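Chain letters run A, B, ... following the sequence lines, proteins first and then strands; every chain starts at 1.
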Amino acid sequence: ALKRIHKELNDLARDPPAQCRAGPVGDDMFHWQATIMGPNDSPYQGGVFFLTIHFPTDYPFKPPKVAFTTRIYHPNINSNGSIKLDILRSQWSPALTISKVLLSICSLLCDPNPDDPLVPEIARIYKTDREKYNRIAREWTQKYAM
Amino acid sequence: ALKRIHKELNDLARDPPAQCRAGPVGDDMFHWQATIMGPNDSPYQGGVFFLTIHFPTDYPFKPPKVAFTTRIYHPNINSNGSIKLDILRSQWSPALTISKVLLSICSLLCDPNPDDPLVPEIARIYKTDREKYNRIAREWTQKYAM
Amino acid sequence: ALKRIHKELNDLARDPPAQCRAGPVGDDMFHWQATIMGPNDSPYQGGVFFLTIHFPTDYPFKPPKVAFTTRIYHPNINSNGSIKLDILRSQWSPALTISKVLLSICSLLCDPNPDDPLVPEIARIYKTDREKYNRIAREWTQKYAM
Amino acid sequence: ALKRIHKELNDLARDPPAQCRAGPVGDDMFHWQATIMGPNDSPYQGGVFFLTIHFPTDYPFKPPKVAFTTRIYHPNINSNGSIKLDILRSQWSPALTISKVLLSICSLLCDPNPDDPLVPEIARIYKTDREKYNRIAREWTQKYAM
Amino acid sequence: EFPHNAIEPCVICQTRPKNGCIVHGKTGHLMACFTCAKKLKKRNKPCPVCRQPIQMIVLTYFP
Amino acid sequence: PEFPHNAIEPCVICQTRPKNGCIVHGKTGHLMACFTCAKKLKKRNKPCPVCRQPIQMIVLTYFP
Amino acid sequence: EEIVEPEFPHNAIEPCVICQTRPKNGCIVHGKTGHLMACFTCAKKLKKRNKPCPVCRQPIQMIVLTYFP
Amino acid sequence: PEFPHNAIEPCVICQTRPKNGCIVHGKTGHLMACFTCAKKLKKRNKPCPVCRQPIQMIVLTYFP
Amino acid sequence: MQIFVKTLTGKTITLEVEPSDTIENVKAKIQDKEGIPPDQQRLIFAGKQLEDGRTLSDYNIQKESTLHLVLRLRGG
Amino acid sequence: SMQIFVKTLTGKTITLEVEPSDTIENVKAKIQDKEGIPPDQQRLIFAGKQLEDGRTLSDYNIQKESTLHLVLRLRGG
Amino acid sequence: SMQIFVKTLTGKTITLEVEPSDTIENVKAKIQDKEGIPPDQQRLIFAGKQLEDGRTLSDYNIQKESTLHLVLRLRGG
Amino acid sequence: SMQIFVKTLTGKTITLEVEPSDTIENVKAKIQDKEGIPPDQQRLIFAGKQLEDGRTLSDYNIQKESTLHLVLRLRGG
Ligand SMILES: [Zn+2]
Ligand SMILES: [Zn+2]
Ligand SMILES: [Zn+2]
Ligand SMILES: [Zn+2]
Ligand SMILES: [Zn+2]
Ligand SMILES: [Zn+2]
Ligand SMILES: [Zn+2]
Ligand SMILES: [Zn+2]
């Protein structure tokens, strides 16, 4: 696992995506901290969202555990920062890297699935009143992600 | 190192040793300040002694750097606050916590090693004139630790 | 042996198996009766088969003695109801519980070993005329286990 | 055909073989000339045998036509220079290169097949008097290959 | 997830805790007490769960 | 007797992974770290964190 | 329609994307196509656990140990 | 570890297209021709050029 | 999808599988989790041994069905 | 008209020959020709957002020498 | 006769059964039986001070339901 | 013991680790491991002559750093 994790870290040092950063804090390669900037022209714009990453010891055969530590208003992410996303469970691929996973999560921010949600109350509002949804997510970004 | 350090901080909020406290200086989780109260029935009685802690990047495989910032009269601690003590170096264990290190240092104040001393002049006094040792240590406690 | 047998009985009561059932004949905790449901999609389908179980005093270091009391047509089970099966002899394991032994015996019904048979005449028939084997085995099931 | 032939010629320039040499006759890249050093410890020792090579249009799917233009004495080559050899007909392979073909022919010199011969007269003399064969081959080599 | 069954008694004697680790190579199956596991090793029985031979029994503490 | 209720707590080193790296010395073993952390100690030729005996081997411990 | 040059696989000498150590000789075959980006050791681990192809998610028909003559 | 530097060279038959036609036989494969050239071999029932085993299939081979 | 395996001690584990998983694929995943070699594993469903070479869909085994693990055995 | 770049799943970068009027689904079919990846497994991302199949490159302000980011098909839930 | 508690090196708290006349050497023997730690690697601390081997619990005024703190054997130097 | 070189069918040169007592058949087995070529279709040539599976490298006075030459199995007719 370590060698693969070291290659991904070097890649992030040389060519990170615009939206996302991640790395260990000490020498512990199995635990990373990450950030995603809210995409421009979204309710999340101008926010920085922190996540925690735990690599299992049989990485990359098994997915990393990824959770938000910054509160975010979204139908597929709950108040514990849990992200109900299939590439984090049954649709993981060993060819995915942390960089690609953060980019995928970032693309989930503006493409939620309200039809099968993790947080029902937020999906109802997303379907029945998009403006209120945008209002609220914007307020949450200002309150917690800034 | 980070999640281990957060756990140690939680334990200090919930159940700290009687004479010992510690926490991050500002927002830097790898730089702490600590206090040790002079033990009762000892020439340090009534003094409070401040220490600096730096966790290394691969804590707890490597020990923290620990130094007094309060001046103290002792055979194994010198004028710069350097502590010559084997658990801070060759006898470190990763099962030791800051709490346990501080309690250990606390027990060293009352049980010096004058036979392998960092400050030979203070060790000679400790071994052969305990009345003068206790007197001077008391004076330094009043001059620097009150 | 007693405490381990009691544990198995309480587990059976708290969580009854789908394929078999077993408990003491009255008061003697070392003598039990059992029942095996014939496997669907097999010559034994719809049959219910009874067995006796005697636990030795050093159970589970030694295997239980297990015998059919309902007649059954099989190369490895004879007219005494004796079962020649390696997990009841040299390949026993103390981690086998009586529920696991019974499920194992049940799976032996459609997985006989005709090359080292206990009843040679049944095994010859099994090896030379399979439809003749299944015909008879269904006959014995309807005659004796329904 | 052309690019492959070009490629084989460049590789010849890069790693010249030791048993043979070969290249185009002037202008026609499809018409080549080759020489073979007769193996040491053999009746062709010290001889230089010339061969003519023609590449078909669908080289390398089809073999080159390879014939000796230096008279030689051998059960599987005849007075016209024709070589009856399986890799030049039905056992051809597109991975074979002219260099490998020539080295294969060189090793056939000391590994004839008398039991299915091209020249029966030479074959019979090979089976019944080995000493005669080598005299004759050395003479033919002296007469024609220097 | 974590070993919740490690708190349960030895599966053999159902009395003492699981502190007899059955070792083979670089792996071990911990499901029995030291007394019951030592009995198996004394009699050259294999591991009850994986049928590998028993290299040693380790008295296992949770510090 | 007392059963080991602290066995579901995380490795005391990384505070994350389960306690499945038994540190063996002589006939006893101390199980308080994960296999990954205990293995790192063994490779660096460190003693047992709680009793300082030399580490004989690290055993990947399963709980069947 | 413009002329298309052949392009050659310069990434073929990079190590297996899973273990980052061994050469890419474990070809993952599905239908008539293959994705060659892992060593044989790492690709067999996927196949032995019936995991799909990492880059296209098609089921792994077979792993082919690939030689480069 | 010996990495396949020759995988970047052209098809050994046409010397023009890349080596993307793996010749499969059982659980091994020889990769030295392009897909077009290797299909001609398979179509004509020819064996593998370097090992002479029968050609089970040609796999169009990508290096993603 | 997920299925359950009731292991030898009665402990229940969860496995991630596809309908195309063969029984040997399942035993390999059991070994990953429990360190039991596949050739000493015997899996049972509806009273029958499940055979290497056949798939979960061959046996119509349902999502969140429970397979029963015993030890390899042989009659005689 | 112009070239764009696509950072594929493994990190390798490929070059594509596109008109600004090309649909996103057009780009995916080019990626399939180059890489053997079925379009329904391709999720293309630009400026942190995924690109919908029926929109054009110009509908997304994608200029020449732009880089698109290829991840796998995903479903929130 | 009385119960005392020991907060061991990992933070886990254990209960011991002791006499006031029990020596510290004795207490460490009991910790060894419960935890598998040789007494010479044990250093017991009460009220900020280490407890000497040949002195009794009562010599330190250690009464029923006290808590002792276990650290590792250390040496100033 | 020693190492030698084999020039394979395409001209690619490879390296083997051998002992001077190794059989020709033993070398072919190592060639099959590195290149997937069945020994019965391998023909090793050295000094213009074929090497037979019974003998060893010492039999043929093959010193270390010698290059053996590989062609396909052939037969005159
Ligand atoms: Zn027991
Ligand atoms: Zn075992
Ligand atoms: Zn750990
Ligand atoms: Zn220890
Ligand atoms: Zn690999
Ligand atoms: Zn694929
Ligand atoms: Zn070609
Ligand atoms: Zn081949």
Side-chain angles (χ1 to χ4, degrees), chain B residues 7-8 10-12 14-20 36-42 44-45 49 60 63 74-78 82-119 122-123 126, chain K residues 3-16 20 22-28 30-63 65-77:
Chain B
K7 177 269 196 308
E8 289 191 42
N10 289 345
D11 292 338
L12 280 167
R14 298 168 177 149
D15 188 35
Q19 339 276 351
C20 313
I36 293 176
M37 290 303 173
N40 298 337
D41 295 79
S42 81
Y44 311 109
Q45 190 163 14
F49 300 86
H74 189 277
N76 311 98
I77 305 160
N78 70 6
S82 306
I83 306 162
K84 196 173 59 56
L85 166 68
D86 65 352
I87 59 161
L88 298 175
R89 184 156 268 198
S90 68
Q91 297 292 297
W92 169 248
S93 152
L96 282 168
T97 59
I98 294 311
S99 180
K100 296 278 183 181
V101 163
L102 290 179
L103 209 48
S104 295
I105 292 163
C106 189
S107 72
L108 176 65
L109 303 184
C110 313
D111 164 44
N113 188 11
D115 296 318
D116 172 30
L118 184 59
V119 183
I122 298 183
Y126 177 89
Chain K
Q3 283 189 339
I4 60 168
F5 307 102
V6 178
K7 185 177 184 175
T8 65
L9 186 65
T10 62
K12 159 216 196 182
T13 299
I14 63 172
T15 299
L16 301 187
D22 275 319
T23 58
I24 297 315
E25 204 181 315
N26 219 46
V27 181
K28 296 182 180 179
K30 313 199 172 186
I31 295 167
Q32 184 187 27
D33 291 339
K34 287 216 178 191
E35 304 295 320
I37 296 157
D40 65 336
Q41 299 291 345
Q42 301 181 38
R43 176 181 184 99
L44 286 166
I45 294 169
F46 189 62
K49 295 179 187 183
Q50 64 131 35
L51 310 182
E52 203 62 48
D53 269 336
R55 317 203 68 147
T56 58
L57 292 172
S58 56
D59 283 349
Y60 293 102
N61 193 31
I62 292 170
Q63 273 153 9
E65 288 207 283
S66 284
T67 287
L68 313 181
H69 294 268
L70 178 69
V71 305
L72 279 173
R73 174 204 128 109
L74 60 83
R75 296 233 61 185

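- With respect to the salt-bridge test (charged N to carboxylate O, under 4.0 angstrom), the residues K/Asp22 and K/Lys30 qualify.
- The part of B/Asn40 that comes within reach of chain K is its backbone (N, CA, C, O), which places non-hydrogen atoms under 4.5 angstrom from that chain.
- Looking at B/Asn76, its side chain does come within 3.5 Å of a backbone N or O of B/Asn113 through a donor-acceptor pair.
- Both the backbone and the side chain of B/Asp41 come within contact range of chain K, with heavy atoms under 4.5 Å apart.
- Contact count against chain K (heavy-atom pairs under 4.5 Å) is highest for B/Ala95 among B/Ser99, B/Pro75, B/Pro17, B/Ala95.
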Test side chain to side chain donor-acceptor pair (under 3.5 Å) applied to K/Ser58 and K/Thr56, step by step:
CA-CA 5 Å; K/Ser58 56; K/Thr56 58; 3.2 Å; yes
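- Among the candidates K/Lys49, K/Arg73, K/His69, K/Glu52, the residue making the largest number of heavy-atom pairs closer than 4.5 Å to chain B is K/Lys49.
- Put simply, the side chain of B/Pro114 does not reach to within 4.5 Å of the side chain of B/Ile122, judged on heavy atoms.
- Contact of B/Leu118 with chain K is made through backbone and side chain together, with heavy-atom distances under 4.5 Å.
- Between the side chain of K/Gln42 and the main chain of K/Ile31, no donor-acceptor pair closer than 3.5 Å is present.
- Using a 4.5 Å cut-off between heavy atoms, B/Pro117 touches chain K through its backbone atoms (N, CA, C, O) alone.
- Between B/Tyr44 and B/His74, the ring-plane angle classifies as tilted under the 30° and 60° cut-offs.
- In this structure, the portions of B/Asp15 lying under 4.5 Å from any heavy atom of chain K include both its backbone and its side chain.
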Going through the checks in order, is the side-chain contact (heavy atoms from CB on, under 4.5 Å) test met by K/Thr13 and K/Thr67?
CA-CA 9 Å; K/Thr13 299; K/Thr67 287; 5.8 Å; no
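- With respect to chain K, the highest number of heavy-atom pairs below 4.5 Å among B/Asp116, B/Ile36, B/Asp11 belongs to B/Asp116.
- Contact tally against chain B (heavy-atom pairs below 4.5 Å) for K/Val71, K/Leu72, K/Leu70, K/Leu9: the top residue is K/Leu9.
- Neither the backbone nor the side chain of B/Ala18 comes within contact range of chain K; no heavy atoms are under 4.5 Å apart.
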